[PDB]
Amino acid sequence: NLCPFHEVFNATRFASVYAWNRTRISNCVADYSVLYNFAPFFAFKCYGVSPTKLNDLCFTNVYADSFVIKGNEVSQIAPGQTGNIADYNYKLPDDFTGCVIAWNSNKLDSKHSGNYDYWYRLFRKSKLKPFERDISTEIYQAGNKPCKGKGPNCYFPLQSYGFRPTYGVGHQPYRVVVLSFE
Amino acid sequence: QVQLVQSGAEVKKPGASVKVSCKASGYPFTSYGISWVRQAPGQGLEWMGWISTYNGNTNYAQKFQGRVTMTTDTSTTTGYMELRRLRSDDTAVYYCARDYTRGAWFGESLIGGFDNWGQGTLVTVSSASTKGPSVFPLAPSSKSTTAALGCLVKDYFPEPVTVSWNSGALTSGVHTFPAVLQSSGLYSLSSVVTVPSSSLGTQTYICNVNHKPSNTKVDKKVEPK
Amino acid sequence: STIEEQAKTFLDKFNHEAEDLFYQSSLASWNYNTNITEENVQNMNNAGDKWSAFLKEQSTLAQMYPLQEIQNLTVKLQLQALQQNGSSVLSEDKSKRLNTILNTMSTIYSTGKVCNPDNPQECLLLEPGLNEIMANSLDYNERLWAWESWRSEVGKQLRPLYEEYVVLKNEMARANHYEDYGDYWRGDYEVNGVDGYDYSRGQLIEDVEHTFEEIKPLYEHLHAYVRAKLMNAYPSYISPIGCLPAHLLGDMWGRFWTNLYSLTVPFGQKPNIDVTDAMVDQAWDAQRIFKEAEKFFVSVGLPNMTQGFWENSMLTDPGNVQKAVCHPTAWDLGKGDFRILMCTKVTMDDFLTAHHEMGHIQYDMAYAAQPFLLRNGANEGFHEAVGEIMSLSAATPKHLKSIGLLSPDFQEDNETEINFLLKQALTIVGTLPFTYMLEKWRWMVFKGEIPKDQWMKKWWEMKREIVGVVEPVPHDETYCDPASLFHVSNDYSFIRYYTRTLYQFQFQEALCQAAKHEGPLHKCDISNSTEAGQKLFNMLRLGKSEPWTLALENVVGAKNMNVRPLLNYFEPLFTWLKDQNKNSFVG
Amino acid sequence: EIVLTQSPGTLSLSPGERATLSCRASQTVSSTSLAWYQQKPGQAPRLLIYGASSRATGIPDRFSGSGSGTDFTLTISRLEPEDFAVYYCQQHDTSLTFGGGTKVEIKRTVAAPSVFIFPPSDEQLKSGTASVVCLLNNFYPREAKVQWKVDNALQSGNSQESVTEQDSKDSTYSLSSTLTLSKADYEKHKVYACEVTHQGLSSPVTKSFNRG
Ligand SMILES: *[C@@H]1O[C@H](CO)[C@@H](O[C@@H]2O[C@H](CO)[C@@H](O[C@@H]3O[C@H](CO)[C@@H](O)[C@H](O[C@H]4O[C@H](CO)[C@@H](O)[C@H](O)[C@@H]4O)[C@@H]3O)[C@H](O)[C@H]2NC(C)=O)[C@H](O)[C@H]1NC(C)=O
Ligand SMILES: *[C@@H]1O[C@H](CO)[C@@H](O[C@@H]2O[C@H](CO)[C@@H](O[C@@H]3O[C@H](CO)[C@@H](O)[C@H](O)[C@@H]3O)[C@H](O)[C@H]2NC(C)=O)[C@H](O)[C@H]1NC(C)=O
Ligand SMILES: *[C@@H]1O[C@H](CO)[C@@H](O[C@@H]2O[C@H](CO)[C@@H](O[C@@H]3O[C@H](CO)[C@@H](O)[C@H](O)[C@@H]3O)[C@H](O)[C@H]2NC(C)=O)[C@H](O)[C@H]1NC(C)=O
Ligand SMILES: *[C@@H]1O[C@H](CO)[C@@H](O[C@@H]2O[C@H](CO)[C@@H](O)[C@H](O)[C@H]2NC(C)=O)[C@H](O)[C@H]1NC(C)=O
Ligand SMILES: *[C@@H]1O[C@H](CO)[C@@H](O)[C@H](O)[C@H]1NC(C)=O
Ligand SMILES: *[C@@H]1O[C@H](CO)[C@@H](O)[C@H](O)[C@H]1NC(C)=O
Ligand SMILES: *[C@@H]1O[C@H](CO)[C@@H](O)[C@H](O)[C@H]1NC(C)=O
Ligand SMILES: [Zn+2]
């Protein structure tokens with residue numbers, strides 16, 4: 001009946017960024033006041049609409065995109081933006097209607113011994129189109145002459161985040177939730 | 001304004017099955033689940049299971065893998081827990097908290113904990129029968145030993161004895177020990193009072209046992225000798 | 001295929017894996033420096049061994065790339081910074097002998113206790129034992145004993161071993177299949193692939209020598225002024241033409257000139273701005289000191305510190321069980337992790353060094369957007385320069401009247417200004433004659449240009465032309481040393497300690513001009529000037545992706561390094577030096 | 001099936017000190033799945049810390065929590081009289097398990113009992129039963145040892161202990177030692193002794209007397 005926004009914001013485990021999770025919220029009366037009355041969720045930037053006029057739409061497909069990218073990688077979650085995360089990890093269209101509610105989660109997602117549990121692909125020959133999920137799991141390798149293993153010019157694409165608790169705000173695991181009203 | 005109406009005590013016997021009531025109020029019913037925790041007398045808390053009222057999903061512990069079932073009422077926002085094959089050690093106080101540890105819709109998990117609790121529910125299970133309290137006096141010794149005196153509520157079932165003294169007159173210096181199960185599988189309780197030395201044989205001390213289940217009210221007068 | 005593709009990919013994998021492994025190693029070393037335990041010692045040794053093995057493997061993989069086929073400028077700069085050898089084809093036995101000599105020399109210098117004669121059992125350390133005598137004592141006899149013991153107990157033990165080490169350096173530099181091991185050190189200088197911003201190899205020779213030609217006025221004036229002050233201190237170390245040794249610079253080798261200040265005081269009557277008593281009176285602790293530094297940095301438009309800096313950095317020695325080295329270091333662990341390790345107390349010196357480490361952290365935070373190989377100065381020497389300039393700006397009396405730290409009723413005078421300016425001149429600029437003379441003479445020794453048997457003959461003759469040695473006591477020929485030194489003995493690049501001091505004072509006037517400052521440059525506090533902050537941040541943000549030519553030109557307005565701005569910084573002090581050296585005979 | 005093994009067992013403190021409780025897991029437990037509770041005597045527990053860091057609704061500032069991986073801690077700064085209750089720890093990283101619990105009692109001065117003794121009632125003998133009960137008045141601390149000696153030797157099986165809670169006013173306990181013997185054994189033996197060794201006492205005080 002009400003909106004399972006706490007089952008996403010107030011959830012325990014998110015997904016890996018290269019294969020980010022995407023939960024579809026529906027049929028709920030979204031009380032945005034729980035997140036709009038004050039500012040506990042850091043950046044609250046809405047692209048195209050206003051926070052005060054959020055009730056004048058229809059909840060056809062509100063795709064609450066849940067993932068952990070980085071502190072200074074939320075800037076690459078803007079419409080018409082390019083970068084390492086935007087080219088091929090998660091691409092947002094130029095004409096994008098939605099909001100970004102990224103909030104810090106340093107204490108929840110960290111490990112003194114090293115939280116090597118969140119992966120992003122680093123090298124790619126091509127680029128990916130918007131409105132396209134990345135759920136397939138092929139295996140790739142580098143160029144020059146065909147090779148095997150981490151040789152002279154051959155590298156493993158998916159490399160892991162450290163996520164030790166004492167990082168800076170720009171590298172701390174900001175749990176980013178992106179709403180795409182469509 | 002959180003309210004969690006919970007059912008009353010039970011005096012069931014081994015071999016049967018019972019279901020506990022838990023009425024919650026003051027929150028959107030379908031956005032949260034209901035959990036259950038059982039606590040034996042003089043013991044610690046131990047988990048029983050979790051149920052979501054949205055899609056009807058359940059989650060039980062391995063210790064009670066199959067011995068238990070949970071039902072929910074959506075119209076009255078009431079949760080239920082039913083235990084089967086009652087054993088002798090199944091006597092406990094059952095609590096009904098409000099779930100914020102696992103998501104209702106998604107079911108994955110939530111960062112939280114049981115935030116709002118009920119009142120508790122003592123369910124006593126034993127192989128016995130209703131009995132009247134056989135009150136036995138405890139007068140002070142013949143030698144004038146501040147002394148103590150009382151009346152022994154012995155051989156009574158279950159534990160509904162209300163033993164006042166002089167309709168609550170000498171409450172200054174009253175000790176009422178909790179009931180302890182004897183080796184014969186029957187609770188005996190003791191309640192005693194203390195009197196000064198200079199006023200030993202001057203007053204009248206009657207203990208009013210208001211044991212409602214048997215309606216036995218033997219007000220045995222005890223006076224120091 | 002396409003060879004142009006397969007070098008930036010190598011650079012990026014290096015930039016991540018490293019960032020992972022370097023963060024691991026930095027965390028281990030940080031824990032050891034904050035928690036000296038055998039378990040953490042073993043863990044940090046394992047981390048350092050893994051880091052060194054990975055770096056050596058990556059260097060072996062990177063030397064494969066020729067420096068010609070790629071045309072992308074940043075890629076070529078990164079590769080040339082990482083295309084070096086060490087002992088790639090040099091024999092295992094010769095490298096093992098090299099390491100044996102190196103470790104033996106380091107042990108003899110530092111670990112080898114300077115056992116006082118007539119008591120071989122009582123073996124006193126060099127530090128802080130003779131450090132006390134050198135930075136503190138003023139007697140001629142004790143210092144003469146210290147110099148004799150140095151040049152005849154470390155000198156004799158270092159002559160043959162380091163002579164064979166210099167021969168090994170001759171052979172390795174010549175067989176390097178390149179110009180020399182000096183090329184190994186200077187490789188980050190050369191820029192190739194773009195016309196108008198390319199850098200040559202021998203261009204540094206001309207840069208250093210011509211800067212010496214134009215500093216020889218300031219060089220000789222400041223050096224002779226220190227000479228005359230030590231003459232007032234040490235009458236029989238300095239004849240009216242007499243020279244100065246190298247162990248009278250506070251530390252052993254002479255990296256910094258700081259400890260000379262007590263003997264070089266221009267105006268000793270008026271005490272300097274010592275805020276220790278003032279900070280005690282207002283009941284302000286170390287955290288308040290760092291908040292003051294943070295506010296100073298905000299005043300010029302630069303961003304202020306993150307909460308992680310306040311939380312994680314160790315701003316006070318724990319004491320009790322915890323044993324920590326009190327060496328200040330702006331520990332840039334990477335991945336946004338900026339910490340400061342220092343045993344901060346209520347002290348003016350702690351205030352200034354907090355500003356310096358804050359400048360280090362600010363520079364690290366400026367280029368955080370670069371890849372790991374580019375998460376450094378555009379060359380090796382930008383970093384300490386950015387660190388020093390902030391303390392220079394913050395130590396001004398005007399800024400301390402600005403923060404309600406001194407009485408506004410009191411007024412400054414030229415006396416305290418000259419005192420402070422000379423104090424900073426000794427501290428910072430003193431490392432340029434060091435680098436130029438000692439390092440380049442050492443390098444031409446490394447190539448083998450100077451004969452072995454004529455070392456001590458050439459050694460004091462350099463002071464016989466610049467300053468004019470007259471010797472009350474003769475010398476021997478079997479004296480040599482410079483290998484002891486930490487960086488020469490632990491495989492670290494060295495030329496950064498020249499570019500640092502040129503660039504910081506070459507940035508100083510460029511920033512103060514944007515601040516609308518009027519009057520002398522020494523008293524210029526850039527506080528309340530967003531223009532100067534923007535001008536500095538224009539270069540600080542570049543990192544190493546762009547050439548250091550563009551990095552310099554982004555502030556100084558010139559594509560090539562010059563020392564004229566440093567000469568104009570000490571313009572008050574330069575005129576004062578010309579007015580004081582009227583009697584000091586400049587040999 | 002991670003075991004939490006909450007430690008310590010009990011906690012007696014003074015009105016104004018600092019309170020600290022621990023809950024240590026075997027395997028590694030995520031910090032997002034641990035909570036704390038506070039159970040006043042006779043009432044239900046109430047959440048204090050959720051998520052191992054956050055404070056629940058209506059919880060005063062003196063309550064705090066922390067911990068991650070294998071060790072977790074609850075912290076109370078000021079000890080008001082209402083801050084003496086029962087506490088537990090919970091985890092749901094992998095299945096939901098609780099801790100052993102940690103009672104919080106009130107620390108006071110060492111009180112000594114006023115040991116009594118009572119022969120079985122004559123009306124009790126009119127029901128084919130006898131019972132010798134040994135009584136101890138207000139005493140501190142709770143730890144007290146009691147023994148039953150018949151004639152000269154200890155007995156077994158005929159012992160049912162019962163201890164109340166600390167009093168609201170004086171914060172002292174009350175102990176009831178009960179021995180049950182048939183009237184045949186009651187008249188078979190003559191000398192009855194209640195051997196009590198309380199930490200608040202300095203000797204094995206035995207205040208009992210034989211039939212007469
Ligand atoms: C630097 O490294 C040293 C390495 O020794 C490290 O020392 C540690 O000190 C702490 C105490 O400050 C030790 O912690 C305790 O150790 C005992 C066993 O020796 C455990 O039983 C303790 O845990 C129990 O008790 C706790 C409450 O006191 C409970 O919360 C917990 O659940 C347990 O019941 C506790 O761990 C620690 O063992 C040593 N280290 C060792 C011996 O490995 C020091 O703290 C480090 N400090 C810094 C500044 O880095
Ligand atoms: C996830 O769970 C937390 C609770 O553990 C939610 O935060 C809490 O939300 C409630 C409202 O649902 C807040 O109550 C409000 O408190 C303010 C005073 O602080 C009061 O003025 C209001 O009238 C109301 O009572 C509560 O404070 C807040 N707690 C916080 C912010 O720490 C959170 O909304 C949940 N996130 C979701 C739904 O995604
Ligand atoms: C040489 O190597 C550099 C990388 O070191 C190559 O850089 C890339 O150049 C393109 C432009 O040609 C940059 O594109 C721009 O990126 C920004 C940020 O995403 C975007 O807003 C602009 O619209 C535009 O797409 C790109 O960022 C840059 N990449 C990096 C990492 O700097 C350069 O192309 C190479 N040159 C040759 C000839 O190979
Ligand atoms: C660091 O920068 C922050 C930027 O917000 C400063 O915060 C403001 O400081 C002023 C006083 O200087 C307060 O009046 C504002 O309310 C603060 N804003 C916020 C959001 O806290 C902070 O003071 C700076 N620290 C310094 C200058 O040392
Ligand atoms: C994402 O969460 C949903 C439940 O909301 C789950 O069904 C799905 O499997 C998850 N996928 C990932 C990528 O973890
Ligand atoms: C130095 O490295 C270059 C780069 O590959 C190589 O050509 C040369 O042979 C190496 N020389 C030595 C002495 O290792
Ligand atoms: C900087 O600006 C502040 C705010 O106007 C002022 O209080 C302070 O004195 C200024 N500092 C200077 C001019 O050094
Ligand atoms: Zn420095």
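Naming convention: chains lettered A, B, ... in sequence-line order (proteins, then strands); numbering from 1 in each chain. Quick note: numbers below take in every heavy atom, side chains included, and nothing from hydrogens, waters or symmetry partners.
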Quiz prompt | Interchain contact, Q90(D) with chain B, by part (heavy-atom threshold 4.5 Å) | solution = side chain
Exercise. Could you walk me through whether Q43(D) and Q119(B) pass the side-chain contact (heavy atoms from CB on, under 4.5 Å) test, one step at a time?
Key: CA-CA 7 Å; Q43(D) 294 197 248; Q119(B) 72 180 1; over 6 Å; no
Quiz prompt | Between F98(D), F209(D), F116(D), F118(D), the one whose heavy-atom pairs under 4.5 Å with chain B are most numerous | solution = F98(D)
Quiz item: Going through the checks in order, is the side-chain contact (heavy atoms from CB on, under 4.5 Å) test met by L96(D) and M48(B)?
Solution: CA-CA 9 Å; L96(D) 195 155; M48(B) 280 192 100; over 6 Å; no
Quiz item: Roughly how far apart are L110(B) CG and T32(D) OG1, rounded to 0.5 Å?
Solution: 10.5 Å
Exercise. Return the minimal non-hydrogen interatomic distance between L45(B) and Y88(D), and the atom names on each side.
Key: N-CE2, 3.3 Å
Quiz item: So what's closer than 4.5 Å to chain B heavy atoms on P45(D): side chain, backbone, both or neither?
Solution: both
Quiz item: Residue by residue, which of residues 88-103 of chain B have a heavy atom closer than 4.5 Å to a heavy atom belonging to chain D?
Solution: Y95(B), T101(B)
Practice problem: Can you tell which part of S54(D) gets under 4.5 Å to a heavy atom of chain B, answering side chain, backbone, both or neither? | Solution: neither
Self-check item: Contacts of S164(B) that satisfy side-chain hydrogen bond (donor to acceptor under 3.5 Å, both in side chains) - sequence neighbours left out
Solution: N208(B)
Exercise. Select all residues of residues 181-190 of chain B having any heavy atom within less than 4.5 Å of some heavy atom of chain D, and report them by number, or 'none'.
Key: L181(B), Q182(B), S183(B)
Exercise. Name the region of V133(D), side chain, backbone, both or neither, that has any atom closer than 4.5 Å to a heavy atom of chain B.
Key: side chain
Quiz item: Looking at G157(D), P120(D), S121(D), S114(D), which makes the most heavy-atom pairs under 4.5 Å with chain B?
Solution: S121(D)
Quiz prompt | Structural part of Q39(D) lying under 4.5 Å from a heavy atom of chain B | solution = side chain
Self-check item: Heavy atoms of other groups near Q199(D) CD, more than 12 under 6.0 Å
Solution: no
Exercise. Please state whether the side chain, the backbone, both or neither of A148(B) comes within less than 4.5 Å of a heavy atom of chain D.
Key: both
Quiz item: Can you check side-chain contact (heavy atoms from CB on, under 4.5 Å) on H92(D) and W50(B), steps first, answer last?
Solution: CA-CA 11 Å; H92(D) 52 278; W50(B) 166 92; over 6 Å; no
Quiz item: Going from OH on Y50(D) to CG on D115(B), what distance comes out if it is rounded to the nearest 0.5 angstrom?
Solution: 9.0 Å
Quiz item: Is a donor on one side and an acceptor on the other found under 3.5 Å between the side chain of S162(D) and the backbone of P178(B)?
Solution: yes
Quiz item: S127(D) versus chain B, heavy atoms under 4.5 Å apart: side chain, backbone, both or neither?
Solution: side chain
Quiz prompt | Chi angles and distances behind the side-chain contact (heavy atoms from CB on, under 4.5 Å) call for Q62(B), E1(D) | solution = CA-CA 10 Å; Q62(B) 203 277 334; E1(D) 52 272 17; over 6 Å; no
Quiz item: Can you name the nearest heavy-atom pair linking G113(B) to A35(D), along with the distance?
Solution: CA-CB, 4.2 Å
List the atom pairs, with distances to 0.1 Å, where a side-chain N or O of residues 167-177 of chain D and a protein N or O form a donor-acceptor pair under 3.5 Å, not counting sequence neighbours.
{"unit_1": "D167(D)", "atom_1": "OD2", "unit_2": "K169(D)", "atom_2": "N", "d": "2.9"}
{"unit_1": "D167(D)", "atom_1": "OD2", "unit_2": "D170(D)", "atom_2": "N", "d": "3.4"}
{"unit_1": "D170(D)", "atom_1": "OD1", "unit_2": "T172(D)", "atom_2": "N", "d": "3.0"}
{"unit_1": "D170(D)", "atom_1": "OD1", "unit_2": "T172(D)", "atom_2": "OG1", "d": "2.3"}
{"unit_1": "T172(D)", "atom_1": "OG1", "unit_2": "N138(D)", "atom_2": "ND2", "d": "2.7"}
{"unit_1": "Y173(D)", "atom_1": "OH", "unit_2": "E105(D)", "atom_2": "OE1", "d": "2.4"}
{"unit_1": "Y173(D)", "atom_1": "OH", "unit_2": "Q166(D)", "atom_2": "NE2", "d": "3.0"}
{"unit_1": "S174(D)", "atom_1": "OG", "unit_2": "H175(B)", "atom_2": "NE2", "d": "3.2"}
{"unit_1": "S177(D)", "atom_1": "OG", "unit_2": "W148(D)", "atom_2": "NE1", "d": "2.6"}

Self-check item: Minimal non-hydrogen separation, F177(B) against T164(D), with atom names
Solution: CD2-CG2, 3.4 Å
Quiz item: In terms of heavy-atom proximity below 4.5 Å to chain B, should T57(D) be classed as side chain, backbone, both, or neither?
Solution: neither
Quiz item: Using non-hydrogen atoms only, which part of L152(B) is less than 4.5 Å away from chain D: side chain, backbone, both, or neither?
Solution: side chain
Quiz item: Relative to each other, are the rings of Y37(D) and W117(B) parallel, tilted or perpendicular (30° and 60° limits)?
Solution: perpendicular
Quiz item: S35(B) versus chain D, heavy atoms under 4.5 Å apart: side chain, backbone, both or neither?
Solution: neither
Practice problem: May I ask you to check if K126(D) and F136(B) form a cation-pi contact, with NZ or CZ under 6.0 angstrom from the six-membered ring centre and within 45° of the axis? | Solution: no
Practice problem: Could you look at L135(D) and say if it's the side chain, the backbone, both or neither that has a heavy atom under 4.5 Å from chain B? | Solution: side chain
